[PDB]
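Naming follows writing order (A, B, C, D and E), and every chain is counted from residue 1.
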Amino acid sequence: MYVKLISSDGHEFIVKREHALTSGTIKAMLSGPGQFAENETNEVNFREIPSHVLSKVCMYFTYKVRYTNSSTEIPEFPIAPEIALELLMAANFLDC
Amino acid sequence: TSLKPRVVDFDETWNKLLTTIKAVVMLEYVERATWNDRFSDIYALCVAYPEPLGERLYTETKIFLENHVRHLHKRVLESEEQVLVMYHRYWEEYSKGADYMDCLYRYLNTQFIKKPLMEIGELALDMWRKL
Amino acid sequence: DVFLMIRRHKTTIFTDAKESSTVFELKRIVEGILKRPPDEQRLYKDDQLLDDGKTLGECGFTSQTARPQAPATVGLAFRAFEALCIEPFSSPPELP
Amino acid sequence: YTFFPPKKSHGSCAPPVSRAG
Amino acid sequence: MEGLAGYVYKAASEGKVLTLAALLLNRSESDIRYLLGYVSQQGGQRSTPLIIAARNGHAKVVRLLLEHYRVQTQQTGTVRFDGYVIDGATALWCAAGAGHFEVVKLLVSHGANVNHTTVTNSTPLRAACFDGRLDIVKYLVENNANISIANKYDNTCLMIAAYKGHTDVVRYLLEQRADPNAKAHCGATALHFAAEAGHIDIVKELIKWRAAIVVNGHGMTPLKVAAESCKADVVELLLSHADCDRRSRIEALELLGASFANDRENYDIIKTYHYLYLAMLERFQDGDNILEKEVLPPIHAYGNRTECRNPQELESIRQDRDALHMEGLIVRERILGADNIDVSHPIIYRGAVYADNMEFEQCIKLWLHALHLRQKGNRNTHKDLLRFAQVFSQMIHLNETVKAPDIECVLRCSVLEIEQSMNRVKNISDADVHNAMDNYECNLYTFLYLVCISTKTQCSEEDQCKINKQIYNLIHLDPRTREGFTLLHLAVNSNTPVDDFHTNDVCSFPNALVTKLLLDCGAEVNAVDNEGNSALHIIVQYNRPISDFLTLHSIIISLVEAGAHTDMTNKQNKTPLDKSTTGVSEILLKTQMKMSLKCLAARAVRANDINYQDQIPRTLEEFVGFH
């Protein structure tokens, strides 16, 4: 039910499995060998992306689960200028 | 490092990828850390400057799949009496390996194959059909 | 529908909670997803201990306060209750 | 308009007929 | 100083010679050289005041400029003759072609170039021959004008004079010892031009001068052209040449009857029956040594008739109009061949007559035969494909079923002709690049009309597959109009021109059926024009969101389902939601927007203007490019 994401800089992120299945690459990572079917952690070690981009993509996962199709006054997503051009690569790598 | 496109040596990355996917297709127990690092290496291969290696990686993995299917074909041909049971076991192993290869090669499937060519899971099944 | 970002050292947990709900089941769900005994949890809201009886929506952060874009940074501490030592995420590289 | 083809002149415009031909 | 030049030009053009002399009075030499040498533009006409003064007949202005101010006669420029403007005409040429004999004498006596060559190689003698002024021709040739100078297409003054009705000019030219066997570029040796317009006296004059008969480029005698143009009297005169043999007489009479069967100006079916009867009787005159007609195998277009090898069967079809029309078309095809230019026109005319009589199936057969024959000869058929679209639209508006094989055939022909249109446009740099591009756009519009009509007709699985194969073939060349419009965009756009005839009733753009068919046939849905607008950007700019709301909803659903980005930006960096200009389209697109983190990140990167080059994957560089 809960999946674990580890950033390259040691930082861990835990979010709902439904929240992290909105990205195709993470869905592939959970599938396949080493699924670690303990149903509690399913940890994945992102060896490249830093901590802040992983925090931002977890925020995005929750943001898309909450507002997938509802509340047509959709809130804007606060991309910082410094975190941009690095979250784009992360989103591409995760196929969000 | 990071997700920045960095010049990566094709030989060593393709060697470690070859080892781990010939472990996966043969259903050898692969480590989860090595698995996620292999998604990392796959992303590096399809992106690295100055020229993307997607064509090179696709050709190399087609060669690997072709020779692995040839090895299985020889292995089942030399087993004359038990051709059916051996074929069934190798079919289960290769079907699971093809699904896991489709999962691992998702970046080629969504960035290079569809952007003609044909998918890695489809390539594995076509190689299995042809050889 | 309030959103939380529970932090403890290098471990970060994202969780959705209701407007009026006590932190008792919040401690129980973080127990269930953290695989540690439930008696150690003591969450802090900006270096301040929070009342267990008080619902988290009335504890200081509301639905408007804790947007899913960037939820509250409610920390987590374990029994020796140890002092909070949450590691901040690495700053993005400065744009040229 | 109708369907009447204005090509009877086009069969005769293939010869070089103009102010200059 | 240019205002004084405009004053001089207006005074010279308007005939106010006294005001012109007053304006040019007490001026310096450089001033009068600039004023008389300025080439002003009264629209598209680049001409010096002397040229326009010679053009409109202001002989006083020309005399004032020549005798006193010593202006040169070799000034060149563009002039507006017969509505269109062509460069290379001098003042002497304009005076000759406009019938100003006094200005011609003034220019020639002052030393104008009589043998000046236009860019189209048009001499002033040729201009006077075209105008037919016999006195101007006499004055020009008496002032050392060369008759033998032809044009670019090797059309001499004799050839155009034979084509025109001015028999005095051509009779004077031949009396002046001209060339009787003057070959042209197209092979017409000055007899076809006379024997195309039915000028019996000019043909008589050339035969008096013994112009001789020779086959032209199209495999036709001058007698053959005379028979084609329905002109019977010149056919008689050429038959009385005493060197004709019999076989030429039978084929000439048969061709005359065939031409009389189907033509606009000359349409008398009794003439066709009588001429064919005379041809048959002359053919079966000797009794023995009977000259049996060699017959091409029956063609499904003209019914299934096999000509009339006997006088009895020709008599049997005396009272049947359409049988005689088919017979005339068949014998015309046999005589002139399938590769002749003029063989197509009676087929199209008979098809139009059938269409007016509400007979569409035989109309479609005839027009398909005509289209095949014209495409075999590799000529422009955009008007023909437009005719196919119009007749299909009239059938649909009349709730008449349209045959799927005919739609497939006309679509395949349109695809092929679009391919050669692309080749012609690529080959032609600037000769007729405007006309070529207009033909290209017209062909694209006709193809879209045919596809829209094919959507409204139920077809078999094989025929539907063939239609979709043709559309697939057309997409995988990616045709584009002037403003970068892909073939999907024109079906998407509401500004796509529609022909004013019945095609307004059926093919109305935008059309959701066309977009669904094109996306199902593999159209590149992410293709952008020169301005950068995608299909979605154009469709949200639709100004009628509710009158055809089903159409807009279906096309937006199809575009989003095809894979078009609902977030890409044009050249002006505008979201399609930002360019929605309509609450309805905005609501629909927001309902169908499928947001992704990559889209938001790329949009934020573009808005923050961060240097993305050489820091991202190259495939993602395109993503930053359109997001």
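Methods note: contacts are C-beta pairs under 8 Å (C-beta built on N, C-alpha and C of every residue); 3 or more make two chains touch, one makes a residue touch a chain.
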{"item": "Central subunit by CA centre of mass proxy", "value": "E"}
{"item": "Pair joined by the larger number of C-beta contacts - A-E, B-E", "value": "A-E"}
{"item": "Gap in Å, rounded to a whole number, between the CA centres of subunit D and subunit C", "value": "86"}
{"item": "Cα-centroid distance, subunit B relative to subunit E, in whole angstrom", "value": "59"}
{"item": "Separation of mean Cα positions, subunit C and subunit A [Å, integer]", "value": "19"}
{"item": "Interchain centroid distance [CA atoms averaged], subunit C/subunit E, Å", "value": "77"}
{"item": "Residues of subunit E whose C-beta touches two or more other chains", "value": "610, 615-617"}
{"item": "Junction residues of subunit B - those touching two or more other chains", "value": "4, 111"}
{"item": "Shared-contact residues (touching 2 or more other chains) in subunit A", "value": "50, 77, 81, 85-86, 89, 92"}
{"item": "Complex contact set, residues of subunit B against subunit E", "value": "4-5, 46-47, 49, 52, 111-112, 115"}
{"item": "Contact set on subunit D toward subunit E in their complex", "value": "1-5, 7-8, 10-12, 14-17, 19-21"}
{"item": "Subunit A to subunit E touching residues, read off their complex", "value": "23, 57, 60, 64, 72, 74, 77, 79, 81, 84-85, 87-89, 91-92, 94, 96"}
{"item": "Residue numbers on subunit E that touch subunit A, as the complex places them", "value": "590, 595-598, 600-602, 604-605, 608, 610, 612, 615-617, 620, 623-624"}
{"item": "Contact footprint of subunit B on subunit A as seen in their complex", "value": "8, 24-25, 28-29, 31-34, 36, 43-50, 86, 89-90, 92-93, 95"}
